[PDB]
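One file, final16.txt, is given below (compact mmCIF, N, CA and C atoms and all ligand atoms).
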# COMPACT_ATOMS: atom_id res chain seq x y z
N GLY X 550 -127.77 -62.47 110.83
CA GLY X 550 -128.40 -63.07 109.68
C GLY X 550 -129.78 -62.48 109.46
N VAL X 551 -130.50 -63.09 108.52
CA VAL X 551 -131.84 -62.65 108.13
C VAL X 551 -132.84 -63.74 108.50
N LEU X 552 -133.95 -63.33 109.10
CA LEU X 552 -134.94 -64.26 109.61
C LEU X 552 -136.16 -64.31 108.70
N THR X 553 -136.59 -65.52 108.36
CA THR X 553 -137.80 -65.72 107.59
C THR X 553 -138.65 -66.77 108.28
N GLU X 554 -139.90 -66.88 107.86
CA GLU X 554 -140.77 -67.93 108.38
C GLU X 554 -140.26 -69.30 107.95
N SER X 555 -140.44 -70.27 108.83
CA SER X 555 -139.89 -71.61 108.65
C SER X 555 -140.99 -72.58 108.23
N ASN X 556 -140.71 -73.36 107.19
CA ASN X 556 -141.60 -74.41 106.73
C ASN X 556 -141.28 -75.76 107.37
N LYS X 557 -140.30 -75.81 108.26
CA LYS X 557 -139.91 -77.02 108.96
C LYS X 557 -140.63 -77.10 110.30
N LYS X 558 -140.56 -78.27 110.91
CA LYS X 558 -141.22 -78.55 112.17
C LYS X 558 -140.21 -78.97 113.22
N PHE X 559 -140.45 -78.54 114.46
CA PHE X 559 -139.63 -78.94 115.60
C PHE X 559 -140.45 -79.80 116.54
N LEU X 560 -139.81 -80.82 117.11
CA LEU X 560 -140.43 -81.59 118.17
C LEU X 560 -140.54 -80.73 119.43
N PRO X 561 -141.52 -81.01 120.29
CA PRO X 561 -141.75 -80.13 121.45
C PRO X 561 -140.55 -79.96 122.37
N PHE X 562 -139.75 -81.01 122.57
CA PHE X 562 -138.65 -80.91 123.53
C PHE X 562 -137.49 -80.10 122.97
N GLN X 563 -137.27 -80.16 121.66
CA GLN X 563 -136.09 -79.55 121.06
C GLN X 563 -136.33 -78.07 120.77
N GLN X 564 -135.25 -77.29 120.83
CA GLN X 564 -135.35 -75.83 120.78
C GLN X 564 -134.44 -75.22 119.72
N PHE X 565 -133.42 -75.93 119.26
CA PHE X 565 -132.47 -75.38 118.30
C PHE X 565 -132.45 -76.27 117.07
N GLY X 566 -131.68 -75.85 116.07
CA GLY X 566 -131.52 -76.62 114.86
C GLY X 566 -130.20 -76.30 114.18
N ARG X 567 -129.71 -77.28 113.42
CA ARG X 567 -128.48 -77.13 112.66
C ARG X 567 -128.41 -78.24 111.63
N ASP X 568 -127.59 -78.03 110.60
CA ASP X 568 -127.46 -79.00 109.51
C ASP X 568 -126.07 -79.62 109.45
N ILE X 569 -125.03 -78.81 109.27
CA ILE X 569 -123.66 -79.30 109.18
C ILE X 569 -122.74 -78.27 109.82
N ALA X 570 -121.75 -78.75 110.58
CA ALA X 570 -120.65 -77.92 111.07
C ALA X 570 -121.13 -76.79 111.98
N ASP X 571 -122.02 -77.14 112.91
CA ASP X 571 -122.46 -76.23 113.97
C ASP X 571 -123.01 -74.92 113.42
N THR X 572 -123.78 -75.01 112.34
CA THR X 572 -124.42 -73.85 111.73
C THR X 572 -125.89 -73.85 112.14
N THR X 573 -126.26 -72.94 113.03
CA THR X 573 -127.64 -72.85 113.51
C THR X 573 -128.52 -72.38 112.36
N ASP X 574 -129.25 -73.32 111.76
CA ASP X 574 -130.08 -73.05 110.60
C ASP X 574 -131.53 -72.74 110.97
N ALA X 575 -131.90 -72.89 112.23
CA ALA X 575 -133.26 -72.62 112.67
C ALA X 575 -133.26 -72.39 114.17
N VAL X 576 -134.34 -71.80 114.66
CA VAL X 576 -134.49 -71.50 116.08
C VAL X 576 -135.95 -71.19 116.38
N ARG X 577 -136.40 -71.50 117.59
CA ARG X 577 -137.73 -71.11 118.05
C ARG X 577 -137.60 -70.00 119.09
N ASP X 578 -138.39 -68.95 118.93
CA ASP X 578 -138.34 -67.83 119.86
C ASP X 578 -138.99 -68.20 121.19
N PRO X 579 -138.50 -67.65 122.30
CA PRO X 579 -138.98 -68.07 123.63
C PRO X 579 -140.32 -67.48 124.04
N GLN X 580 -140.92 -66.60 123.23
CA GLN X 580 -142.18 -65.97 123.59
C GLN X 580 -143.34 -66.48 122.74
N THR X 581 -143.24 -66.36 121.42
CA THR X 581 -144.30 -66.82 120.54
C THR X 581 -144.28 -68.33 120.35
N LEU X 582 -143.18 -68.99 120.70
CA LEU X 582 -142.99 -70.42 120.46
C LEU X 582 -143.15 -70.75 118.98
N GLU X 583 -142.81 -69.78 118.13
CA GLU X 583 -142.89 -69.92 116.69
C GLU X 583 -141.55 -70.42 116.17
N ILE X 584 -141.55 -70.91 114.93
CA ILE X 584 -140.37 -71.52 114.33
C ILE X 584 -139.85 -70.61 113.23
N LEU X 585 -138.55 -70.32 113.28
CA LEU X 585 -137.89 -69.45 112.31
C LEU X 585 -136.61 -70.11 111.82
N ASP X 586 -136.20 -69.72 110.62
CA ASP X 586 -134.96 -70.22 110.02
C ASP X 586 -133.99 -69.06 109.83
N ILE X 587 -132.70 -69.37 109.92
CA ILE X 587 -131.64 -68.37 109.85
C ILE X 587 -130.77 -68.68 108.64
N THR X 588 -130.57 -67.68 107.78
CA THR X 588 -129.64 -67.79 106.67
C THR X 588 -128.82 -66.51 106.61
N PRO X 589 -127.54 -66.60 106.26
CA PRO X 589 -126.71 -65.39 106.19
C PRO X 589 -127.15 -64.48 105.06
N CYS X 590 -126.91 -63.19 105.25
CA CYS X 590 -127.29 -62.22 104.23
C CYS X 590 -126.24 -62.18 103.12
N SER X 591 -126.33 -61.15 102.28
CA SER X 591 -125.88 -61.23 100.89
C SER X 591 -124.42 -60.86 100.66
N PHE X 592 -123.53 -61.16 101.62
CA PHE X 592 -122.10 -60.90 101.45
C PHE X 592 -121.58 -61.44 100.12
N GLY X 593 -120.52 -60.82 99.60
CA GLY X 593 -119.93 -61.30 98.36
C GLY X 593 -118.63 -60.56 98.08
N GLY X 594 -118.12 -60.79 96.87
CA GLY X 594 -116.91 -60.13 96.42
C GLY X 594 -117.20 -59.04 95.40
N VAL X 595 -116.26 -58.10 95.27
CA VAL X 595 -116.40 -56.97 94.37
C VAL X 595 -115.18 -56.91 93.45
N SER X 596 -115.43 -56.72 92.16
CA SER X 596 -114.39 -56.58 91.16
C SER X 596 -114.64 -55.33 90.34
N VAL X 597 -113.58 -54.82 89.73
CA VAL X 597 -113.62 -53.56 88.99
C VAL X 597 -113.08 -53.78 87.59
N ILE X 598 -113.76 -53.19 86.61
CA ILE X 598 -113.41 -53.32 85.20
C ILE X 598 -112.92 -51.97 84.70
N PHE O 201 -132.89 -88.83 135.10
CA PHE O 201 -133.59 -90.02 134.63
C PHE O 201 -134.49 -89.62 133.47
N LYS O 202 -134.09 -90.00 132.26
CA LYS O 202 -134.82 -89.67 131.05
C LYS O 202 -135.64 -90.88 130.61
N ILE O 203 -136.94 -90.69 130.44
CA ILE O 203 -137.87 -91.77 130.13
C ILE O 203 -138.40 -91.54 128.72
N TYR O 204 -138.18 -92.52 127.85
CA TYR O 204 -138.62 -92.47 126.47
C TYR O 204 -139.76 -93.46 126.28
N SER O 205 -140.62 -93.21 125.29
CA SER O 205 -141.77 -94.08 125.11
C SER O 205 -142.25 -94.03 123.67
N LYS O 206 -142.93 -95.11 123.28
CA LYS O 206 -143.65 -95.22 122.01
C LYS O 206 -144.78 -96.22 122.21
N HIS O 207 -145.99 -95.81 121.86
CA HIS O 207 -147.18 -96.60 122.18
C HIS O 207 -147.69 -97.40 120.99
N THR O 208 -147.94 -96.76 119.86
CA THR O 208 -148.58 -97.44 118.74
C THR O 208 -147.69 -98.55 118.20
N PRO O 209 -148.14 -99.80 118.19
CA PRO O 209 -147.30 -100.89 117.68
C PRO O 209 -147.55 -101.18 116.21
N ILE O 210 -146.73 -102.06 115.64
CA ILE O 210 -146.87 -102.51 114.26
C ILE O 210 -147.23 -103.98 114.27
N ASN O 211 -148.31 -104.34 113.58
CA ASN O 211 -148.78 -105.72 113.53
C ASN O 211 -148.10 -106.51 112.41
N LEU O 212 -146.77 -106.46 112.38
CA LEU O 212 -146.02 -107.25 111.40
C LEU O 212 -146.01 -108.72 111.76
N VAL O 213 -145.83 -109.03 113.05
CA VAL O 213 -145.84 -110.39 113.56
C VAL O 213 -146.71 -110.43 114.81
N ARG O 214 -146.77 -111.60 115.44
CA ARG O 214 -147.60 -111.82 116.61
C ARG O 214 -146.72 -112.09 117.82
N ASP O 215 -146.94 -111.32 118.89
CA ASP O 215 -146.29 -111.51 120.19
C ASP O 215 -144.78 -111.31 120.13
N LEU O 216 -144.27 -110.71 119.05
CA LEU O 216 -142.85 -110.43 118.93
C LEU O 216 -142.64 -108.95 118.59
N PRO O 217 -141.61 -108.31 119.17
CA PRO O 217 -141.37 -106.89 118.94
C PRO O 217 -140.56 -106.61 117.67
N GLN O 218 -140.99 -107.19 116.56
CA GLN O 218 -140.32 -106.96 115.29
C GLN O 218 -140.61 -105.55 114.77
N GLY O 219 -139.69 -105.02 113.98
CA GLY O 219 -139.83 -103.71 113.39
C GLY O 219 -138.90 -102.69 114.04
N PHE O 220 -138.89 -101.50 113.44
CA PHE O 220 -138.06 -100.40 113.91
C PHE O 220 -138.91 -99.16 114.08
N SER O 221 -138.70 -98.45 115.19
CA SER O 221 -139.37 -97.18 115.43
C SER O 221 -138.52 -96.35 116.39
N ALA O 222 -138.27 -95.10 116.01
CA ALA O 222 -137.50 -94.21 116.86
C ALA O 222 -138.31 -93.81 118.09
N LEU O 223 -137.61 -93.32 119.11
CA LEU O 223 -138.23 -92.97 120.38
C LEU O 223 -137.91 -91.53 120.72
N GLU O 224 -138.94 -90.76 121.08
CA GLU O 224 -138.81 -89.36 121.46
C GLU O 224 -138.89 -89.21 122.97
N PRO O 225 -138.16 -88.25 123.54
CA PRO O 225 -138.21 -88.06 125.00
C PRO O 225 -139.55 -87.49 125.44
N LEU O 226 -139.96 -87.88 126.65
CA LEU O 226 -141.16 -87.34 127.27
C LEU O 226 -140.85 -86.55 128.54
N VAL O 227 -140.16 -87.16 129.50
CA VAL O 227 -139.88 -86.53 130.78
C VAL O 227 -138.42 -86.79 131.15
N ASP O 228 -137.72 -85.75 131.57
CA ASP O 228 -136.36 -85.85 132.09
C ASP O 228 -136.39 -85.34 133.52
N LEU O 229 -136.40 -86.25 134.48
CA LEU O 229 -136.60 -85.87 135.88
C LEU O 229 -135.26 -85.59 136.55
N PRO O 230 -134.98 -84.35 136.94
CA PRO O 230 -133.66 -83.96 137.51
C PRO O 230 -133.58 -84.11 139.03
N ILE O 231 -133.35 -85.33 139.50
CA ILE O 231 -133.28 -85.61 140.93
C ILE O 231 -131.84 -85.77 141.41
N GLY O 232 -130.99 -86.47 140.66
CA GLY O 232 -129.65 -86.75 141.14
C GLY O 232 -129.62 -87.88 142.15
N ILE O 233 -129.99 -89.08 141.72
CA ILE O 233 -130.10 -90.24 142.59
C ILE O 233 -129.18 -91.35 142.08
N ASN O 234 -128.70 -92.16 143.01
CA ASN O 234 -127.90 -93.34 142.70
C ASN O 234 -128.76 -94.58 142.86
N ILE O 235 -128.86 -95.37 141.79
CA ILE O 235 -129.70 -96.56 141.75
C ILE O 235 -128.91 -97.70 141.13
N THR O 236 -128.85 -98.83 141.83
CA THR O 236 -128.13 -100.00 141.36
C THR O 236 -129.03 -101.19 141.06
N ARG O 237 -130.14 -101.34 141.78
CA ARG O 237 -131.10 -102.41 141.52
C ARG O 237 -132.49 -101.80 141.43
N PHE O 238 -133.42 -102.58 140.87
CA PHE O 238 -134.79 -102.11 140.75
C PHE O 238 -135.71 -103.31 140.61
N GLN O 239 -136.95 -103.14 141.05
CA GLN O 239 -137.99 -104.15 140.93
C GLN O 239 -139.12 -103.60 140.07
N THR O 240 -140.21 -104.35 139.99
CA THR O 240 -141.37 -103.95 139.22
C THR O 240 -142.64 -104.33 139.97
N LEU O 241 -143.68 -103.53 139.79
CA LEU O 241 -144.94 -103.69 140.50
C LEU O 241 -146.02 -104.14 139.54
N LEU O 242 -146.74 -105.19 139.91
CA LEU O 242 -147.79 -105.79 139.09
C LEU O 242 -149.10 -105.83 139.88
N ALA O 243 -150.11 -106.44 139.27
CA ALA O 243 -151.42 -106.63 139.89
C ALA O 243 -151.53 -108.09 140.32
N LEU O 244 -151.75 -108.31 141.61
CA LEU O 244 -151.78 -109.65 142.18
C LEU O 244 -153.22 -110.10 142.44
N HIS O 245 -153.37 -111.41 142.60
CA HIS O 245 -154.66 -112.01 142.93
C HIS O 245 -154.63 -112.61 144.34
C1 LIG L 1 -145.61 -64.39 126.64
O1 LIG L 1 -146.63 -63.39 126.58
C2 LIG L 1 -147.23 -63.23 125.29
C3 LIG L 1 -148.21 -62.08 125.40
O2 LIG L 1 -149.43 -62.38 124.74
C4 LIG L 1 -147.89 -64.54 124.86
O3 LIG L 1 -148.41 -64.38 123.54
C5 LIG L 1 -146.87 -65.67 124.89
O4 LIG L 1 -147.51 -66.91 124.60
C6 LIG L 1 -146.20 -65.75 126.25
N1 LIG L 1 -145.18 -66.79 126.26
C7 LIG L 1 -144.86 -67.49 127.35
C8 LIG L 1 -143.79 -68.52 127.18
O5 LIG L 1 -145.41 -67.30 128.43

Using the file provided, produce a representation of the structure as structure tokens.
Amino acid sequence: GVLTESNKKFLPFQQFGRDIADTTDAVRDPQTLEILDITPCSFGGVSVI
Amino acid sequence: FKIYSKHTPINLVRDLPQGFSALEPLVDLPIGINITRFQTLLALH
């Protein structure tokens, strides 16, 4: 996926994040202890005219 | 043994624990002990 800066907050004890159906929507890195969000990149379908 | 806590109270009533507040973990002590009874320690005169 593609990583961007996160506008959300994590509690100190928790390390992962998800919204629905085991989709990791955020994560904190083990070195900077910074917060990042994960979203899939730009997959799609192709049609021809 | 996971110990949860919340300090700041709500003065909705007097001497009663009315209200709702979630609790966040503080310490999870990994000892692996079996405990069936327990007491409490106070300050005596
Ligand atoms: C790891 O080292 C980097 C180097 O500056 C530091 O910024 C970071 O806070 C360190 N993280 C831990 C968990 O020690």

Please check which protein, DNA or RNA residues sit within 10 Å of ligand LIG 1 (chain L), counting only C-alpha atoms and all ligand atoms, and write them as a compact mmCIF listing (two decimals) with N, CA and C atoms, keeping the file's coordinate frame.
# COMPACT_ATOMS: atom_id res chain seq x y z
N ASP X 578 -138.39 -68.95 118.93
CA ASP X 578 -138.34 -67.83 119.86
C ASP X 578 -138.99 -68.20 121.19
N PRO X 579 -138.50 -67.65 122.30
CA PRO X 579 -138.98 -68.07 123.63
C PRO X 579 -140.32 -67.48 124.04
N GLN X 580 -140.92 -66.60 123.23
CA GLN X 580 -142.18 -65.97 123.59
C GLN X 580 -143.34 -66.48 122.74
N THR X 581 -143.24 -66.36 121.42
CA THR X 581 -144.30 -66.82 120.54
C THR X 581 -144.28 -68.33 120.35
N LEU X 582 -143.18 -68.99 120.70
CA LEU X 582 -142.99 -70.42 120.46
C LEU X 582 -143.15 -70.75 118.98
N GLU X 583 -142.81 -69.78 118.13
CA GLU X 583 -142.89 -69.92 116.69
C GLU X 583 -141.55 -70.42 116.17

Go through chain X and collect every residue that DSSP, computed from the backbone, puts in strand (DSSP E or B); the answer should be as a list in words.
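Taking chain X and keeping strand (DSSP E or B) only, one gets residues 551, 552, 553, 554, 565, 566, 575, 576, 577, 584, 585, 586, 587 and 588 of chain X.
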
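Counting only C-alpha atoms, every residue of chain X that comes within 10 Å of chain O is listed here: residues 560, 561, 562 and 563 of chain X.
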
Please put the answer as lines of an AutoDock Vina configuration file: centre and edge lengths, in Å with one decimal, of a box along x, y and z that encloses all listed atoms of stretch 551-567 of chain X plus 4 Å on each side.
center_x = -135.1
center_y = -72.1
center_z = 115.1
size_x = 21.3
size_y = 26.9
size_z = 24.8

Residue X:556 surroundings by all atoms listed in the file, 8 Å radius, close-in-sequence under 6 positions cut, as a PyMOL selection string
chain X and resi 584-586

To one decimal in Å, tell me the separation between atom N of residue O:230 and atom N of residue O:202.
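Interatomic distance here is 7.4 Å.
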
Atom C of residue X:577 and atom C of residue X:593 are how many Å apart?
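Atom-to-atom, atom C of residue X:577 to atom C of residue X:593, that is 29.8 Å.
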
Gap from atom C of residue O:206 to atom C of residue O:241 - Å, one decimal
19.1 Å

Would you please work out which residue, of X:576, X:570, X:598, X:591, is nearest to residue X:558 when using only C-alpha atoms?
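Looking at the shortest contact to residue X:558, the residue is X:576.
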
At a cut-off of 10 Å, using only C-alpha atoms, what residues contact residue O:223? Leave out same-chain residues fewer than 5 positions from it and give the result as a count of residues only.
5

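The point (-131.1, -67.6, 105.3) has these residues within 7 Å of it, counting all atoms listed in the file: residues 550, 551, 552, 553, 586, 587, 588, 589 and 590 of chain X.
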
Dump of N, CA and C atoms for the selected residues, as an mmCIF file, in the coordinates of the input:
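Saved the output as again.cif:
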data_model
loop_
_atom_site.group_PDB
_atom_site.id
_atom_site.type_symbol
_atom_site.label_atom_id
_atom_site.label_comp_id
_atom_site.auth_asym_id
_atom_site.auth_seq_id
_atom_site.Cartn_x
_atom_site.Cartn_y
_atom_site.Cartn_z
ATOM 1 N N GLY X 550 -127.770 -62.470 110.830
ATOM 2 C CA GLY X 550 -128.400 -63.070 109.680
ATOM 3 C C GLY X 550 -129.780 -62.480 109.460
ATOM 4 N N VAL X 551 -130.500 -63.090 108.520
ATOM 5 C CA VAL X 551 -131.840 -62.650 108.130
ATOM 6 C C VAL X 551 -132.840 -63.740 108.500
ATOM 7 N N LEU X 552 -133.950 -63.330 109.100
ATOM 8 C CA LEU X 552 -134.940 -64.260 109.610
ATOM 9 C C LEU X 552 -136.160 -64.310 108.700
ATOM 10 N N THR X 553 -136.590 -65.520 108.360
ATOM 11 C CA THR X 553 -137.800 -65.720 107.590
ATOM 12 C C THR X 553 -138.650 -66.770 108.280
ATOM 13 N N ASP X 586 -136.200 -69.720 110.620
ATOM 14 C CA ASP X 586 -134.960 -70.220 110.020
ATOM 15 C C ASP X 586 -133.990 -69.060 109.830
ATOM 16 N N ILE X 587 -132.700 -69.370 109.920
ATOM 17 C CA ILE X 587 -131.640 -68.370 109.850
ATOM 18 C C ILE X 587 -130.770 -68.680 108.640
ATOM 19 N N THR X 588 -130.570 -67.680 107.780
ATOM 20 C CA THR X 588 -129.640 -67.790 106.670
ATOM 21 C C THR X 588 -128.820 -66.510 106.610
ATOM 22 N N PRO X 589 -127.540 -66.600 106.260
ATOM 23 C CA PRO X 589 -126.710 -65.390 106.190
ATOM 24 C C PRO X 589 -127.150 -64.480 105.060
ATOM 25 N N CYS X 590 -126.910 -63.190 105.250
ATOM 26 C CA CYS X 590 -127.290 -62.220 104.230
ATOM 27 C C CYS X 590 -126.240 -62.180 103.120
#
